[PDB]
Structure formats: C-alpha cells, structure tokens
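One structure is given below, encoded as structure tokens.
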Amino acid sequence: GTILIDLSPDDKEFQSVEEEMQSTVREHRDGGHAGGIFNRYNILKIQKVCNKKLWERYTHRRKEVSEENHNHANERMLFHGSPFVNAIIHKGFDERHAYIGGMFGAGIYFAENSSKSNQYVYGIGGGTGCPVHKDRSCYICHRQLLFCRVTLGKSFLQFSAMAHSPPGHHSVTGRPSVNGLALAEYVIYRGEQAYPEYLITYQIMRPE
Ligand SMILES: O=C(c1cc(Cc2n[nH]c(=O)c3ccccc23)ccc1F)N1CCN(C(=O)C2CC2)CC1
Ligand SMILES: [Zn+2]
C-alpha cells in the first residue's frame, strides 16, 4: 500500500531535502573507492513515500520509546543507502536483513553524511559498482538514497576509531573519533523505529 508523490523542485520541502543531501557530503578516507569521487550531486527526483500501515507502525513504536525516555523519541532525519530500497519502501525496514557484519552490531544502519550512505547504494563497500558499467564512481547511472525519519530513543554512545540493542538503550550512536569531519552513524534493532519518508534519485557529479 505504498504510493510515491513526486515533489516539485519549486516545493520548499524539495529544497530542504536537497540541501540536506548536498551539505552533508564529505571526503572519504577510501579516496572514493566505495562510493565514487564527487563533491556534490545532481538531484533528479525527490518523492515522498506514503504508506499508512508503515507510518502507523512507526508512530506506535515512537510513542513506546518516548515513554521509556523522559518523553523524548529522539527522532532524527537520516540517510540510508541499499540495493534493496525498492523493497524497503513497500515492506518497510526488515531487521532480519540487517547489516550482520556491522561495526556496531547486527542492525539497521543510518548515516548523517549522505556520502557515507552513498557508499552502500550498490552494495557493501560499493559492491561491484553500477549494474550497467560495474563502476563504483559511475557518473551516468541513477542512484537512490532514502532520507528517513528514525527514532533513536536513548542511544548508546559508541566512539569509533574511524541482534539486540544494549540493555536499557533503543539504538546505538556510532560516533567517529579520529576523523573530525565525519558525522555520526546510527543503528536501530527494530524496523518499526524508522520510516522511509523520501526517495531521492540522483547522480554523483564529476568534479570540474
Ligand atoms: O541495515 C541494513 C544494512 C545496512 C548496511 C550498511 C549501511 N547501509 N546503508 C547506509 O546508509 C549505511 C550508513 C552507515 C553505515 C552503514 C550503512 C549493510 C547491509 C544491510 F543489510 N539493512 C539492509 C536492507 N533492509 C531491508 O529491509 C531490505 C529488505 C532488505 C534492512 C536494513
Ligand atoms: Zn553506470
């Protein structure tokens, strides 16, 4: 029961989502190996994801977490990249298909840096790149990210040197401590704690 509403570039909601994509690009320590070499995106489309059952599932869990956390859902808007974005928007996030080999445990991963999420769009470490050209830095093929509403509740703070949530915590904050320009990553252990609100289609742009 998911429908996708296409947003006009003139819509303020399009502009604020775009800004959140563009302004959270950073350089990656892999020199572009996983996600490609770029400083910005060409945003081709932004669609709002609408699915009543998934939304009600989201807001129900949110109220639970809120009540376990001095009335604070600790809701963020975070990026998620994956080859299975088309399954996430119809069926929601599935915690049995989590990142099993994740740095912060088996669970569903999100990023503050759009470019970190961009690294997973074609697979872990970027897989083998785009399906057409096998190119992790393809400037031609269309990529997709989700910009998602995520309940973190009480988040366990894990500093990093870059399954189930810790007892009495609702999520994990994975916070880089060596790269001072790297923003955080987050892990949730329940699919109902994220709702995939926006589906963003884009290309990476070749630096001039
Ligand atoms: O959380 C993951 C996952 C995440 C990753 C890593 C990851 N993926 N995407 C990111 O944006 C990201 C950001 C920071 C750190 C890690 C990531 C790898 C494999 C995975 F299966 N999911 C994969 C796809 N999921 C699904 O429900 C779809 C139906 C199969 C659930 C969520
Ligand atoms: Zn390509």
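We name chains A, B, ... following the order of the structure tokens; residues begin at 1 in each chain, and ligands are numbered from 1 as shown.
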Residues within 8 Å of ligand 1, counting only C-alpha atoms and all ligand atoms, as a ChimeraX atom specification: /A:79-85,87-88,91-102,107-111,114,116-121,123-124,145,185-187,191
Within 12 Å of ligand 2, counting only C-alpha atoms and all ligand atoms, residues as a PyMOL selection string: chain A and resi 36+122+128-143+203-204
Selection above as a file: N, CA and C atoms, as an mmCIF file, in the first residue's frame:
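Okay, this is what ended up in out.cif:
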```cif
data_model
loop_
_atom_site.group_PDB
_atom_site.id
_atom_site.type_symbol
_atom_site.label_atom_id
_atom_site.label_comp_id
_atom_site.auth_asym_id
_atom_site.auth_seq_id
_atom_site.Cartn_x
_atom_site.Cartn_y
_atom_site.Cartn_z
ATOM 1 N N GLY A 36 32.587 6.539 -4.963
ATOM 2 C CA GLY A 36 32.981 7.366 -6.103
ATOM 3 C C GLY A 36 33.565 8.696 -5.687
ATOM 4 N N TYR A 122 25.225 0.560 -3.986
ATOM 5 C CA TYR A 122 25.413 -0.608 -4.853
ATOM 6 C C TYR A 122 25.932 -1.849 -4.133
ATOM 7 N N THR A 128 30.208 -4.125 -6.634
ATOM 8 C CA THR A 128 30.929 -4.035 -7.917
ATOM 9 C C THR A 128 30.531 -2.789 -8.720
ATOM 10 N N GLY A 129 29.921 -1.804 -8.076
ATOM 11 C CA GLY A 129 29.569 -0.565 -8.778
ATOM 12 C C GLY A 129 28.216 -0.701 -9.443
ATOM 13 N N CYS A 130 27.876 0.251 -10.310
ATOM 14 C CA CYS A 130 26.588 0.227 -11.003
ATOM 15 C C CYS A 130 26.407 -1.067 -11.788
ATOM 16 N N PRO A 131 25.167 -1.547 -11.880
ATOM 17 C CA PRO A 131 24.922 -2.752 -12.680
ATOM 18 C C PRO A 131 25.305 -2.642 -14.170
ATOM 19 N N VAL A 132 25.144 -1.482 -14.799
ATOM 20 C CA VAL A 132 25.413 -1.389 -16.233
ATOM 21 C C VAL A 132 26.906 -1.414 -16.519
ATOM 22 N N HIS A 133 27.682 -0.566 -15.827
ATOM 23 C CA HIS A 133 29.117 -0.403 -16.112
ATOM 24 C C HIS A 133 30.078 -1.032 -15.109
ATOM 25 N N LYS A 134 29.571 -1.602 -14.024
ATOM 26 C CA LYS A 134 30.451 -2.104 -12.960
ATOM 27 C C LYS A 134 31.408 -1.020 -12.448
ATOM 28 N N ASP A 135 30.891 0.174 -12.188
ATOM 29 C CA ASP A 135 31.754 1.312 -11.852
ATOM 30 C C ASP A 135 31.247 1.968 -10.564
ATOM 31 N N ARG A 136 32.057 1.894 -9.510
ATOM 32 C CA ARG A 136 31.658 2.460 -8.236
ATOM 33 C C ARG A 136 31.581 3.987 -8.307
ATOM 34 N N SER A 137 32.272 4.584 -9.264
ATOM 35 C CA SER A 137 32.215 6.022 -9.442
ATOM 36 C C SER A 137 31.434 6.407 -10.687
ATOM 37 N N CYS A 138 30.484 5.589 -11.092
ATOM 38 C CA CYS A 138 29.699 5.936 -12.268
ATOM 39 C C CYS A 138 29.007 7.309 -12.141
ATOM 40 N N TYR A 139 29.290 8.182 -13.108
ATOM 41 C CA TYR A 139 28.650 9.496 -13.229
ATOM 42 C C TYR A 139 27.370 9.535 -14.098
ATOM 43 N N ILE A 140 27.025 8.382 -14.679
ATOM 44 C CA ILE A 140 25.905 8.225 -15.606
ATOM 45 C C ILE A 140 24.664 7.590 -14.965
ATOM 46 N N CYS A 141 24.830 6.431 -14.332
ATOM 47 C CA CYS A 141 23.670 5.703 -13.803
ATOM 48 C C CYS A 141 23.027 6.447 -12.641
ATOM 49 N N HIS A 142 21.719 6.241 -12.503
ATOM 50 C CA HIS A 142 20.909 6.846 -11.450
ATOM 51 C C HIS A 142 21.052 6.066 -10.174
ATOM 52 N N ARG A 143 21.354 6.746 -9.065
ATOM 53 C CA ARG A 143 21.382 6.097 -7.747
ATOM 54 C C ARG A 143 20.176 6.522 -6.946
ATOM 55 N N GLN A 203 22.498 11.549 -9.432
ATOM 56 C CA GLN A 203 23.810 11.066 -9.870
ATOM 57 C C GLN A 203 24.864 11.761 -9.020
ATOM 58 N N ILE A 204 26.023 11.112 -8.856
ATOM 59 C CA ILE A 204 27.178 11.840 -8.358
ATOM 60 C C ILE A 204 27.695 12.720 -9.526
#
```
Which of region 2-132 of chain A fall in alpha helix (DSSP H), as a PyMOL selection string: chain A and resi 12-23+52-67+85-91+114-118
Could you please take those selected residues and save C-alpha atoms as a PDB file, in the first residue's frame?
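out12.pdb was written with the following content:
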```
ATOM      1  CA  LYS A  12      10.162  24.136  -0.210  1.00  0.00           C
ATOM      2  CA  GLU A  13      10.119  20.518   1.019  1.00  0.00           C
ATOM      3  CA  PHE A  14      12.146  19.550  -2.103  1.00  0.00           C
ATOM      4  CA  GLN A  15      14.619  22.279  -1.419  1.00  0.00           C
ATOM      5  CA  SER A  16      15.224  21.441   2.242  1.00  0.00           C
ATOM      6  CA  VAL A  17      15.679  17.723   1.497  1.00  0.00           C
ATOM      7  CA  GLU A  18      18.086  18.616  -1.392  1.00  0.00           C
ATOM      8  CA  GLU A  19      20.050  20.880   0.937  1.00  0.00           C
ATOM      9  CA  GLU A  20      20.355  18.134   3.483  1.00  0.00           C
ATOM     10  CA  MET A  21      21.797  15.858   0.718  1.00  0.00           C
ATOM     11  CA  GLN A  22      24.248  18.399  -0.656  1.00  0.00           C
ATOM     12  CA  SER A  23      25.526  19.931   2.593  1.00  0.00           C
ATOM     13  CA  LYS A  52      -0.425   4.331   6.172  1.00  0.00           C
ATOM     14  CA  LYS A  53       0.311   0.921   7.671  1.00  0.00           C
ATOM     15  CA  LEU A  54       4.070   1.562   7.833  1.00  0.00           C
ATOM     16  CA  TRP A  55       3.543   5.076   9.276  1.00  0.00           C
ATOM     17  CA  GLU A  56       1.173   3.860  11.993  1.00  0.00           C
ATOM     18  CA  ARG A  57       3.639   1.114  12.804  1.00  0.00           C
ATOM     19  CA  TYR A  58       6.350   3.787  13.046  1.00  0.00           C
ATOM     20  CA  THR A  59       4.416   6.237  15.271  1.00  0.00           C
ATOM     21  CA  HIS A  60       3.243   3.421  17.577  1.00  0.00           C
ATOM     22  CA  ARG A  61       6.828   2.356  18.328  1.00  0.00           C
ATOM     23  CA  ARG A  62       7.775   6.042  18.656  1.00  0.00           C
ATOM     24  CA  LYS A  63       5.295   6.564  21.498  1.00  0.00           C
ATOM     25  CA  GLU A  64       6.630   3.479  23.280  1.00  0.00           C
ATOM     26  CA  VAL A  65      10.220   4.745  23.057  1.00  0.00           C
ATOM     27  CA  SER A  66       9.175   8.245  24.071  1.00  0.00           C
ATOM     28  CA  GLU A  67       7.633   6.832  27.277  1.00  0.00           C
ATOM     29  CA  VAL A  85      15.489   0.393  -1.463  1.00  0.00           C
ATOM     30  CA  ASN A  86      12.503  -0.754  -3.600  1.00  0.00           C
ATOM     31  CA  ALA A  87      11.719  -3.478  -1.076  1.00  0.00           C
ATOM     32  CA  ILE A  88      12.187  -1.062   1.902  1.00  0.00           C
ATOM     33  CA  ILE A  89       9.627   1.464   0.613  1.00  0.00           C
ATOM     34  CA  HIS A  90       6.902  -1.223   0.076  1.00  0.00           C
ATOM     35  CA  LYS A  91       7.510  -3.608   3.008  1.00  0.00           C
ATOM     36  CA  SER A 114      24.749  11.463   2.670  1.00  0.00           C
ATOM     37  CA  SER A 115      28.077  10.451   1.090  1.00  0.00           C
ATOM     38  CA  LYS A 116      28.511   7.665   3.711  1.00  0.00           C
ATOM     39  CA  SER A 117      25.107   6.252   2.699  1.00  0.00           C
ATOM     40  CA  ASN A 118      26.112   6.719  -0.948  1.00  0.00           C
TER      41      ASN A 118
END
```
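A straight line drawn from CA of residue 69 (chain A) to CA of residue 158 (chain A) is 18.7 Å long.
Shortest separation to residue 148 (chain A) among A:10, A:197, A:208, A:112 occurs at residue A:197, atoms counted being only C-alpha atoms.
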Computed interatomic separation between CA of residue 156 (chain A) and CA of residue 28 (chain A) (Å): 24.6 Å
Strand (DSSP E) call set, DSSP backbone run, region 50-207 of chain A, as number ranges by chain: A: 50, 75-80, 108-111, 143-151, 155-160, 171-176, 185-188, 194-204
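Atom pair CA of residue 33 (chain A) / CA of residue 182 (chain A): separated by 16.7 Å.
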